[PDB]
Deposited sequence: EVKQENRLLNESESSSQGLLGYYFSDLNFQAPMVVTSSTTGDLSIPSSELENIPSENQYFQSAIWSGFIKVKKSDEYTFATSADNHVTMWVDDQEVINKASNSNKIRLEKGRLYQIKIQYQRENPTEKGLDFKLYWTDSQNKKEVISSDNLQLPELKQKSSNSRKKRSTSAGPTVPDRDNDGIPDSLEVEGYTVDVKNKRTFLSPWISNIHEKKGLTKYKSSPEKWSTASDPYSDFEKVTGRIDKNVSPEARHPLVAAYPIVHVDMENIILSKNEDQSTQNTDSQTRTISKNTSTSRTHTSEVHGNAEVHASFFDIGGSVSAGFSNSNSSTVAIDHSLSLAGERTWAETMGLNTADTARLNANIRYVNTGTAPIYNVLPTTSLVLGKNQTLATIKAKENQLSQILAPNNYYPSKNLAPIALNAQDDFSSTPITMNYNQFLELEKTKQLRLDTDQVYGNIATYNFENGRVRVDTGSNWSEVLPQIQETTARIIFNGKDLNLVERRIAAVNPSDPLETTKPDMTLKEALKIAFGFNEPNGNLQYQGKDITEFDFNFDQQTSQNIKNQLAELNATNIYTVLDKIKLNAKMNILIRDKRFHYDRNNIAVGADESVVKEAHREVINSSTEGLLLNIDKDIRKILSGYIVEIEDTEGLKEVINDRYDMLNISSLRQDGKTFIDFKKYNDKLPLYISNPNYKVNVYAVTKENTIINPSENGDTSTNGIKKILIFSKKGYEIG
């Protein structure tokens, strides 16, 4: 159904002005007018492909007077020819007719066998041309200019084309739907493993991201590891003979973010934050809790998933990951067995899938290496409550389209490691956080003025890149991402990119980038980082806070209040930058009673299934509503942002909230509750 002969239909008599490129599954090579105005008249056509059958055959068409046909460079129409089973023969057909009186083309290709049965050639017999960068049994190729052999004529790639689905196939036509342009000299304009033609005609792995079906958007995996929770325990040692002692482990939830530190690194990394909120009774040190003496060792287990935030899937190799304490203390290497993956790792997805159990670093597996820390490393983890996961870019084999059989299959001859460098060298990179404040990278084909091949690509503007790579749209004068104007996001660039864009702005006599996005041209190797302006970002470009005015405004909508808590509607992005809340009762003279007065007791908010947030005053008040002794006392509630969050007791041991920088978000007298 994606298989057959490939046809080019031209409005002129001499194969210069292709109006339609499309394939036919059978010898019926017609395009009726209903699938198509002054240029619906076709004066020439070329069809290309292969035939596979053992007999003497006679070829004929419905217009033999206007046709030349070759079977492997032997002219068969301008004859019984012998064809053998199990063999592939090249087919080329040319058709020319001056001043046709009907629109479209009625054209059929027949053959007659030695029992004199004549019929339109069936689908089982016809195959597409080998539109690849190398020949396979099937070579590549009255020549349509097609310098890169992807199947799209030079002129269309340069001038602009559209693809439309008509019944059961794709018509590729000149632009007068999405307007495509691509390099006529790059089989894959994004330097990825899928051709410009494969992409736009759907002859491609169904798991490739929708946006990466544009020839100007790169299709490649981007993988990091998400750690969901951790369990720490004292290692057994040769000196301790008895193993029957009580459970003394520390179990914590963890939050992991993919990071970016703009920059030039194509490295994968994620940073893990270990929850500091109360989980065990007492206020013990981690050593005290687990009974670690100064000569003991501890180990760590965790649950993880791999995340693919890129645009193409992985099939047979997961990348290797280092788990790192502090700057460079590697605690573990995490690997998966090659060629034994339980599933695909698709774009915008996880491995294992979220409907399945995550992976335990030490699986309930005789050979799993313990993830051990010495005593000083353990104390460092307790202090920092951070780990890092550095993942390589080793992604294995690629599922490619095969023109012989019209199937996509993992090709042991094709490997992501042969493609990534060229993608990185020839594209502009944009990292955007508009999807839930998580950093998502895309790469867009962009000219490199210094590399002659890369100058054969279309100009990529900043506006178009944002539209095609991230789905920005323009409904009514103004570029937007899911309702949010582009002006709600900032632009940051690496040093070279910044100078380039500065010089462009100067050349345009433009002082504001947001009003000339359609005029700013991207170049290969640019790095652009675009972040939601509402937020404060750490050195990893993780959102960790927001200005007080933003935070206050975000808590203005109170549904209900009582001595039990607050019920509010709070934007999802704002919730992401808080560690918790502090509740206080303020008496008439201005003295304050802090109710949950501990750095590990701020986790009092929860998101209900109706999407509203409840801030629970009872949780750390011994399960009791607030006692307000005089109705003129105030109940004050403060938000604590991540960047302001205390994760350890103070140097002198104080576990209270004294001196924590907090933002007042609710204040009402007792009689107002």
Against the full deposited sequence, which stretches does the structure leave out?
1-14, 51-54, 72-73, 99-103, 162, 168-172, 208-215, 301-321, 425, 735
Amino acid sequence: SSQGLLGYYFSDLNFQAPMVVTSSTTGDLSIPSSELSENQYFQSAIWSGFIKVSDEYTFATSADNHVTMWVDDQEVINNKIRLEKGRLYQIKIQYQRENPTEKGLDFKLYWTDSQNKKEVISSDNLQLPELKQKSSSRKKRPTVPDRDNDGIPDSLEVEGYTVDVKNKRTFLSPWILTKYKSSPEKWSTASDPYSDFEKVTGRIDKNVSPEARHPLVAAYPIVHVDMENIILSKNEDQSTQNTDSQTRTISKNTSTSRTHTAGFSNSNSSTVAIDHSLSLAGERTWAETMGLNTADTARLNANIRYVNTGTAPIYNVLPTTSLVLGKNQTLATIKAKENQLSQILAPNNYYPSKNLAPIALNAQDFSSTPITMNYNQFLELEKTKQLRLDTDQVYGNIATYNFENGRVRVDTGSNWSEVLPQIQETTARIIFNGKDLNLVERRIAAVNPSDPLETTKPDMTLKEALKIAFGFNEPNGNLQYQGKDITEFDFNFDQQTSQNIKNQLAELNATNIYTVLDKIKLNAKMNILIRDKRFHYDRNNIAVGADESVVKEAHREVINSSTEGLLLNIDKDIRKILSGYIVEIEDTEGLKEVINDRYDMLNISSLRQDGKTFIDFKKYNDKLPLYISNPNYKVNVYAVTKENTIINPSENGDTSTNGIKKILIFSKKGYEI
From here on, numbers count along this sequence of modelled residues.
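Definition used throughout: the rigid core is the maximal C-alpha set that superposes within 1.5 Å between two forms.
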Quick one: with the core lined up, is it 562-570 or 425-433 that wanders further in 5 other deposited structures of this protein, going by C-alpha RMS?
562-570
Outlying stretch relative to shown form, 586-594 versus 187-195 in 5 other deposited structures of this protein, C-alpha RMS (core):
586-594
Taking the other PDB entries of this protein that cover both neighbours, check whether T330 lacks coordinates in at least a third of them.
no
Counting only other entries that model residues on either side of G477, is it left out in at least a third?
no
Between 105-113 and 443-451 (mean CA B-factor, as deposited), the higher
105-113
On mean C-alpha B-factor from the PDB entry, just flag whether 639-647 or 614-622 is the higher one.
614-622
In terms of CA temperature factor as recorded, identify the highest of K181, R141, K576, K525.
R141
Between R534, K199, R82, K435, which one tops the list for Cα B-factor in this entry?
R82
Chain-relative C-alpha B factor for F470 (record values, thirds): the lowest
Among the modelled residues of its chain, does the C-alpha B-factor of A543 lie in the lowest, middle or highest third?
lowest
Relative C-alpha B-factor of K463, binned into the chain's lowest, middle or highest third:
lowest
Quick check for you: using the entry's CA B-factors within this chain, is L664 in the lowest, middle or highest third?
lowest
Position of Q504 among the chain's modelled residues by C-alpha B-factor, lowest, middle or highest third:
middle
